[PDB]
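Next comes data-v1.txt, with compact mmCIF, C-alpha atoms.
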```
# COMPACT_ATOMS: atom_id res chain seq x y z
CA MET A 1 1.81 3.45 -12.13
CA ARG A 2 -0.29 6.40 -13.27
CA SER A 3 -0.53 8.15 -16.58
CA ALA A 4 -3.04 10.41 -18.27
CA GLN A 5 -4.02 11.94 -21.61
CA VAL A 6 -6.15 14.97 -22.45
CA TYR A 7 -7.73 15.66 -25.83
CA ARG A 8 -9.21 18.85 -27.18
CA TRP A 9 -11.89 18.82 -29.85
CA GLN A 10 -14.65 20.58 -31.66
CA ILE A 11 -17.47 18.66 -33.34
CA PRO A 12 -19.54 20.43 -36.06
CA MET A 13 -23.23 20.86 -35.28
CA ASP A 14 -26.13 20.34 -37.70
CA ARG A 15 -26.41 31.91 -35.58
CA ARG A 16 -26.08 30.24 -32.16
CA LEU A 17 -24.14 26.92 -31.98
CA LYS A 18 -22.08 25.77 -34.98
CA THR A 19 -19.51 23.66 -33.10
CA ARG A 20 -19.49 21.84 -29.81
CA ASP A 21 -16.10 22.28 -28.20
CA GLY A 22 -14.84 20.15 -25.37
CA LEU A 23 -12.31 17.80 -23.85
CA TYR A 24 -11.72 14.14 -22.83
CA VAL A 25 -9.58 12.84 -19.98
CA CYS A 26 -8.09 9.37 -20.16
CA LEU A 27 -6.80 8.18 -16.84
CA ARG A 28 -4.63 5.09 -16.79
CA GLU A 29 -3.57 3.16 -13.71
CA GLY A 30 -1.73 -0.10 -14.19
CA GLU A 31 -3.60 -1.84 -17.04
CA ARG A 32 -6.97 -0.26 -16.23
CA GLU A 33 -8.25 2.76 -18.14
CA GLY A 34 -10.88 5.44 -17.52
CA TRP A 35 -12.43 8.07 -19.79
CA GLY A 36 -14.47 11.16 -19.05
CA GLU A 37 -15.80 14.15 -20.97
CA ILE A 38 -15.36 17.80 -19.88
CA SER A 39 -17.61 19.96 -22.13
CA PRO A 40 -19.07 23.06 -20.48
CA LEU A 41 -22.08 24.43 -22.27
CA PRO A 42 -22.03 28.06 -23.48
CA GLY A 43 -24.94 30.02 -21.91
CA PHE A 44 -25.44 27.35 -19.25
CA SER A 45 -22.10 26.48 -17.67
CA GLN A 46 -20.50 29.13 -15.44
CA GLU A 47 -16.91 28.13 -16.39
CA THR A 48 -15.56 28.40 -19.95
CA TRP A 49 -14.00 25.77 -22.24
CA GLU A 50 -10.52 27.21 -21.68
CA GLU A 51 -11.01 27.57 -17.93
CA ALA A 52 -12.17 23.93 -18.03
CA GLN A 53 -8.94 22.93 -19.78
CA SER A 54 -6.73 24.74 -17.24
CA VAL A 55 -8.44 23.19 -14.24
CA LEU A 56 -8.56 19.76 -15.92
CA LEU A 57 -4.83 19.74 -16.77
CA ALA A 58 -3.98 20.98 -13.27
CA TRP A 59 -6.22 18.43 -11.57
CA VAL A 60 -4.66 15.61 -13.62
CA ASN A 61 -1.15 16.58 -12.51
CA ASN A 62 -2.48 16.43 -8.92
CA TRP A 63 -3.99 13.01 -9.68
CA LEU A 64 -0.58 11.67 -10.85
CA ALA A 65 0.89 12.79 -7.49
CA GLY A 66 -1.72 10.70 -5.65
CA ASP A 67 -3.90 13.44 -4.12
CA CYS A 68 -7.59 13.05 -4.66
CA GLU A 69 -9.61 16.18 -4.12
CA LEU A 70 -11.89 16.62 -7.09
CA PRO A 71 -12.50 20.06 -8.47
CA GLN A 72 -15.84 21.58 -7.60
CA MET A 73 -16.08 23.02 -11.12
CA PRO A 74 -19.10 21.10 -12.54
CA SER A 75 -17.89 20.04 -15.96
CA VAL A 76 -14.50 18.91 -14.68
CA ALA A 77 -15.82 17.21 -11.54
CA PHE A 78 -18.18 15.35 -13.79
CA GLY A 79 -15.82 14.01 -16.46
CA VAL A 80 -12.95 13.45 -14.08
CA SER A 81 -15.33 11.36 -11.90
CA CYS A 82 -16.53 9.26 -14.87
CA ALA A 83 -12.93 8.44 -15.69
CA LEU A 84 -12.33 7.58 -12.03
CA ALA A 85 -15.39 5.28 -11.95
CA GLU A 86 -14.32 3.49 -15.16
CA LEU A 87 -10.85 2.93 -13.67
CA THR A 88 -12.46 0.96 -10.81
CA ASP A 89 -14.94 -0.86 -13.06
CA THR A 90 -17.86 0.58 -10.97
CA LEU A 91 -19.90 2.29 -13.71
CA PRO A 92 -21.58 -0.79 -15.20
CA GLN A 93 -21.53 -1.27 -18.96
CA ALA A 94 -25.34 -1.63 -19.04
CA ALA A 95 -27.05 1.45 -20.45
CA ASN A 96 -30.48 2.96 -21.24
CA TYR A 97 -30.55 3.85 -24.92
CA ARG A 98 -34.36 4.24 -25.03
CA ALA A 99 -35.39 7.64 -26.33
CA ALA A 100 -37.95 10.23 -25.38
CA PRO A 101 -37.71 11.80 -28.83
CA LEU A 102 -37.62 15.56 -29.17
CA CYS A 103 -38.85 17.85 -31.63
CA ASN A 104 -41.86 19.75 -32.61
CA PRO A 105 -42.21 -0.32 -27.94
CA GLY A 106 -43.02 0.18 -24.24
CA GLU A 107 -44.34 3.21 -22.41
CA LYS A 108 -44.65 5.85 -25.14
CA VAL A 109 -42.78 8.97 -24.04
CA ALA A 110 -41.80 12.07 -26.00
CA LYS A 111 -40.16 15.42 -25.27
CA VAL A 112 -41.23 18.92 -26.29
CA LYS A 113 -39.26 22.12 -25.83
CA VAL A 114 -41.73 24.85 -24.81
CA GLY A 115 -41.51 28.55 -23.91
CA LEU A 116 -39.46 29.57 -26.94
CA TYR A 117 -42.09 31.84 -28.34
CA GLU A 118 -45.83 32.15 -27.83
CA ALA A 119 -47.27 30.07 -25.00
CA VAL A 120 -50.17 29.43 -27.36
CA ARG A 121 -48.03 27.57 -29.91
CA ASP A 122 -46.64 25.22 -27.32
CA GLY A 123 -49.95 24.22 -25.65
CA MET A 124 -51.52 23.70 -29.05
CA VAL A 125 -48.74 21.34 -30.19
CA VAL A 126 -48.87 19.63 -26.79
CA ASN A 127 -52.61 19.06 -26.99
CA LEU A 128 -52.37 17.86 -30.61
CA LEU A 129 -49.76 15.23 -29.71
CA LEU A 130 -51.58 13.89 -26.66
CA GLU A 131 -54.87 13.77 -28.58
CA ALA A 132 -53.33 11.75 -31.47
CA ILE A 133 -51.54 9.24 -29.22
CA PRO A 134 -53.91 8.24 -26.34
CA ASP A 135 -51.14 6.49 -24.41
CA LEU A 136 -48.35 9.00 -25.07
CA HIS A 137 -46.78 10.67 -22.07
CA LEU A 138 -44.97 14.00 -22.55
CA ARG A 139 -41.97 15.71 -20.95
CA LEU A 140 -41.99 19.47 -21.39
CA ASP A 141 -39.04 21.82 -21.00
CA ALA A 142 -39.81 25.51 -20.25
CA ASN A 143 -36.44 26.69 -18.87
CA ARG A 144 -38.30 29.39 -16.87
CA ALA A 145 -39.91 30.94 -19.93
CA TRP A 146 -43.21 32.28 -18.56
CA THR A 147 -44.88 34.99 -16.54
CA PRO A 148 -47.93 33.66 -14.67
CA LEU A 149 -50.13 34.91 -17.58
CA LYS A 150 -48.24 32.99 -20.24
CA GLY A 151 -48.21 30.00 -17.91
CA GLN A 152 -52.02 30.26 -18.06
CA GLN A 153 -52.19 31.05 -21.80
CA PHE A 154 -50.28 27.83 -22.64
CA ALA A 155 -52.44 25.53 -20.51
CA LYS A 156 -55.49 27.23 -22.06
CA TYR A 157 -54.89 24.89 -25.03
CA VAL A 158 -54.37 21.59 -23.21
CA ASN A 159 -57.39 19.35 -22.55
CA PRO A 160 -57.59 18.88 -18.75
CA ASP A 161 -58.38 15.22 -19.36
CA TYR A 162 -54.99 14.63 -21.06
CA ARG A 163 -53.02 16.66 -18.53
CA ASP A 164 -52.21 13.60 -16.38
CA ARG A 165 -50.16 12.33 -19.33
CA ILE A 166 -47.77 15.28 -19.03
CA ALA A 167 -45.27 13.48 -16.79
CA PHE A 168 -43.65 16.84 -16.05
CA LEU A 169 -43.31 20.44 -17.19
CA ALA A 170 -39.87 21.65 -16.12
CA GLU A 171 -39.42 25.17 -14.78
CA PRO A 172 -42.50 26.79 -16.33
CA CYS A 173 -42.09 30.16 -14.62
CA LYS A 174 -39.46 32.71 -13.65
CA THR A 175 -39.85 32.11 -9.94
CA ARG A 176 -40.44 28.88 -8.12
CA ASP A 177 -43.41 30.34 -6.25
CA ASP A 178 -45.08 30.98 -9.65
CA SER A 179 -44.25 27.52 -10.99
CA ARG A 180 -45.79 25.97 -7.92
CA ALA A 181 -48.85 28.20 -8.40
CA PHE A 182 -49.11 27.13 -12.04
CA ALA A 183 -48.93 23.46 -10.93
CA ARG A 184 -51.86 24.00 -8.53
CA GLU A 185 -54.10 26.02 -10.87
CA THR A 186 -53.58 23.80 -13.89
CA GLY A 187 -53.18 20.37 -12.26
CA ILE A 188 -50.07 19.92 -14.45
CA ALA A 189 -47.06 18.21 -12.80
CA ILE A 190 -43.81 20.17 -12.67
CA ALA A 191 -40.10 19.46 -12.52
CA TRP A 192 -37.16 21.48 -11.26
CA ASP A 193 -34.13 21.82 -13.55
CA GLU A 194 -32.14 25.06 -13.32
CA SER A 195 -33.33 25.40 -9.68
CA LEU A 196 -31.19 22.38 -8.71
CA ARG A 197 -28.01 24.18 -9.89
CA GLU A 198 -28.66 27.43 -8.01
CA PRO A 199 -27.22 27.85 -4.52
CA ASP A 200 -29.17 26.53 -1.53
CA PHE A 201 -31.63 24.26 -3.35
CA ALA A 202 -33.42 21.89 -0.99
CA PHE A 203 -35.14 18.64 -1.90
CA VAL A 204 -38.55 19.31 -0.39
CA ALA A 205 -41.97 17.70 -0.77
CA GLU A 206 -44.01 20.20 -2.80
CA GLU A 207 -47.52 19.52 -4.07
CA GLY A 208 -47.46 19.56 -7.88
CA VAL A 209 -43.77 18.64 -8.10
CA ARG A 210 -43.13 15.14 -9.37
CA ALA A 211 -39.70 15.20 -11.05
CA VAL A 212 -36.23 16.70 -10.97
CA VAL A 213 -34.03 16.97 -14.04
CA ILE A 214 -30.33 16.41 -13.27
CA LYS A 215 -27.76 17.65 -15.92
CA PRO A 216 -24.42 16.14 -14.70
CA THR A 217 -22.04 18.31 -16.80
CA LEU A 218 -23.62 21.37 -15.15
CA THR A 219 -23.89 19.73 -11.72
CA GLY A 220 -20.54 18.10 -11.09
CA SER A 221 -19.34 14.76 -9.87
CA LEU A 222 -21.11 11.49 -10.49
CA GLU A 223 -21.07 11.21 -6.69
CA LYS A 224 -23.09 14.42 -6.39
CA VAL A 225 -25.48 13.40 -9.16
CA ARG A 226 -26.15 10.17 -7.34
CA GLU A 227 -26.78 12.17 -4.14
CA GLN A 228 -29.41 14.24 -5.91
CA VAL A 229 -31.03 11.13 -7.38
CA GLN A 230 -31.24 9.54 -3.90
CA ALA A 231 -32.76 12.74 -2.44
CA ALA A 232 -35.43 12.76 -5.14
CA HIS A 233 -36.24 9.03 -4.80
CA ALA A 234 -36.69 9.51 -1.02
CA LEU A 235 -39.32 12.20 -1.86
CA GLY A 236 -41.06 10.04 -4.48
CA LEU A 237 -39.81 12.07 -7.41
CA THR A 238 -38.56 11.05 -10.81
CA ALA A 239 -34.90 11.78 -11.44
CA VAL A 240 -34.15 12.23 -15.14
CA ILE A 241 -30.46 12.17 -16.08
CA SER A 242 -30.09 14.69 -18.99
CA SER A 243 -27.81 15.82 -21.77
CA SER A 244 -25.88 19.05 -21.68
CA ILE A 245 -25.17 18.34 -25.44
CA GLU A 246 -22.17 16.07 -24.76
CA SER A 247 -20.42 14.18 -27.54
CA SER A 248 -21.31 10.53 -28.08
CA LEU A 249 -18.73 9.53 -25.42
CA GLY A 250 -20.40 11.51 -22.60
CA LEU A 251 -23.89 10.64 -23.88
CA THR A 252 -23.06 6.83 -23.58
CA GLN A 253 -21.83 7.34 -19.97
CA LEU A 254 -25.00 9.36 -19.22
CA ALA A 255 -26.94 6.41 -20.64
CA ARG A 256 -24.90 4.20 -18.30
CA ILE A 257 -25.35 6.43 -15.23
CA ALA A 258 -29.11 6.31 -16.01
CA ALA A 259 -29.42 2.52 -16.05
CA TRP A 260 -27.35 2.44 -12.85
CA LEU A 261 -29.00 5.27 -10.85
CA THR A 262 -32.45 5.78 -12.46
CA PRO A 263 -33.01 2.27 -13.92
CA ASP A 264 -36.68 2.68 -14.84
CA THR A 265 -36.37 6.31 -16.04
CA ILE A 266 -35.63 7.03 -19.69
CA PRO A 267 -32.74 9.55 -19.67
CA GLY A 268 -32.99 12.80 -21.67
CA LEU A 269 -30.15 12.04 -24.05
CA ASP A 270 -31.63 12.52 -27.54
CA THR A 271 -29.19 15.26 -28.50
CA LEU A 272 -26.70 13.31 -30.69
CA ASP A 273 -28.52 14.08 -33.98
CA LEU A 274 -27.78 17.77 -33.34
CA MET A 275 -24.14 16.94 -34.14
CA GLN A 276 -22.35 15.84 -37.33
CA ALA A 277 -20.10 13.11 -35.90
CA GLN A 278 -19.50 10.72 -33.00
CA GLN A 279 -16.11 10.29 -31.28
CA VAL A 280 -14.33 7.46 -29.46
CA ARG A 281 -17.53 5.74 -28.39
CA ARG A 282 -20.54 4.70 -30.44
CA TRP A 283 -24.16 5.33 -29.64
CA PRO A 284 -26.03 2.20 -30.78
CA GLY A 285 -28.00 2.73 -34.00
CA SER A 286 -26.56 6.11 -34.95
CA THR A 287 -25.14 6.05 -38.50
CA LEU A 288 -23.13 9.26 -37.84
CA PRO A 289 -19.43 8.70 -38.60
CA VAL A 290 -17.00 8.00 -35.76
CA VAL A 291 -13.87 10.04 -35.05
CA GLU A 292 -11.11 7.80 -33.68
CA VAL A 293 -8.79 8.82 -30.80
CA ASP A 294 -6.05 8.56 -33.44
CA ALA A 295 -7.46 11.80 -34.92
CA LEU A 296 -8.01 13.81 -31.73
CA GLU A 297 -5.84 16.77 -30.77
CA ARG A 298 -3.79 15.72 -27.78
CA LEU A 299 -2.84 18.29 -25.11
CA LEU A 300 -1.34 15.74 -22.70
```
Can you dump the structure from the file as structure tokens?
Amino acid sequence: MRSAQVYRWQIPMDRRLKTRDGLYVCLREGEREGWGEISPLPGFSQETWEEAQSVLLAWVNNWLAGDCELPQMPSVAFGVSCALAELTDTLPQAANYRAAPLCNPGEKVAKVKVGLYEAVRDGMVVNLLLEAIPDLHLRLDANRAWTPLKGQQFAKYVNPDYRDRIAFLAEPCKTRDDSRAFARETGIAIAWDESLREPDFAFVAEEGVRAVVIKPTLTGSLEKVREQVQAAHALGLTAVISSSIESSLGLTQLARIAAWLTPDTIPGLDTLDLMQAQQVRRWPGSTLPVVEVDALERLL
């Protein structure tokens, strides 16, 4: 016997993004229970919050009637599939809560957002960090920020002898041909990110490419995310499971999907401190308050 609940919320963030708005699905079959988060990201997700809601509510009504197509809309396919996996006890409880800290115990790994302004500033900060911590490895996020020139102007400031400790620079340039060229000229390893979510992306052996970054809320189902992880691992690449700024609930399932699918790869989930509260599920060690389901706006 099936039942379902949908919640709508907005969490305050630490004039771009002052709230994060989203949704939870709770599927219930017999005594079992599954949750999932549907939170499309403004500027990044194609579909909107309110479109997400419509499709989520409609899909749920289908689910109650026993039919089992999932929507191909990324945010909804994702959350709906997390709920479905929790129903069947398949998503293990084990999770990777180890952080590659942003900003700007084991393998030391950090994350730097680059390409925001001057290429110079980024390479300088990058060099500084790698110089100070001899065993630090860095993950860099460009989001296609650079012309070939700026791709060169950034690397200008990074000691070639530390460059092997940049695990990846994601999407340095505006075209993939230029990012590949930057990899070759600079000997700096690259990752694809936004390329993966554009139509007709192929997993292909490319010299210089060592990682892919997989954002599940912008990709779709957990089944599709898995697929992309397996494709990468066949090519020898690192699959990083990453945050699309999900609430604590989605972040903990991303943590769980990481341990399950990319067990030795720290996920890119250090986005909780951007927000002012957790909801439903705790992230271990966060002292941010926790909103109970009790207090969530219920649409279904």
Give me the residues within 7 Å of region 32-43 of chain A as number ranges by chain, counting all atoms listed in the file and dropping any in the same chain fewer than 4 places off.
A: 21-28, 47-49, 75-76, 79-80, 82-84, 86-87, 217, 244, 246, 250
A straight line from CA of residue 230 (chain A) to CA of residue 261 (chain A) spans 8.5 Å
What lies within 9 Å of residue 257 (chain A) using all atoms listed in the file, ignoring chain neighbours under 4 positions off, as a PyMOL selection string?
chain A and resi 91-92+94-96+222+226+241+252-253+261-263
Tell me which protein, DNA and RNA residues are within 7 Å of region 266-276 of chain A, counting only C-alpha atoms, leaving out same-chain ones fewer than 4 positions away, and put them as a list in words.
residues 11, 12, 13, 14, 96, 98, 99, 100, 101, 102, 240, 241, 242, 243, 245, 248, 251, 255, 258 and 288 of chain A
Would you mind reading off the distance between CA of residue 213 (chain A) and CA of residue 171 (chain A), one decimal, in Å?
9.8 Å
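Of the residues under consideration (A:111, A:156, A:184, A:15), A:184 shows the shortest atom-to-atom contact distance to residue 208 (chain A) when counting all atoms listed in the file.
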Excluding residue 68 (chain A) and any residue of its chain fewer than 4 positions from it, enumerate the residues within 9 Å of it, using only C-alpha atoms, and give them as an mmCIF file with C-alpha atoms, in the frame of the given file.
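What follows is the written file result_24.cif:
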```cif
data_model
loop_
_atom_site.group_PDB
_atom_site.id
_atom_site.type_symbol
_atom_site.label_atom_id
_atom_site.label_comp_id
_atom_site.auth_asym_id
_atom_site.auth_seq_id
_atom_site.Cartn_x
_atom_site.Cartn_y
_atom_site.Cartn_z
ATOM 1 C CA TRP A 59 -6.220 18.430 -11.570
ATOM 2 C CA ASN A 62 -2.480 16.430 -8.920
ATOM 3 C CA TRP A 63 -3.990 13.010 -9.680
#
```
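For the residues A:191, A:254, A:249, A:52, ranking by smallest atom-to-atom distance to residue 293 (chain A) using only C-alpha atoms places A:249 first.
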CA of residue 159 (chain A) to CA of residue 182 (chain A): how many Å, to one decimal?
15.5 Å
So which residues touch residue 237 (chain A) within 10 Å, counting only C-alpha atoms, skipping near sequence neighbours fewer than 4 positions away, as a ChimeraX atom specification?
/A:191,203,205,209-212,229-233
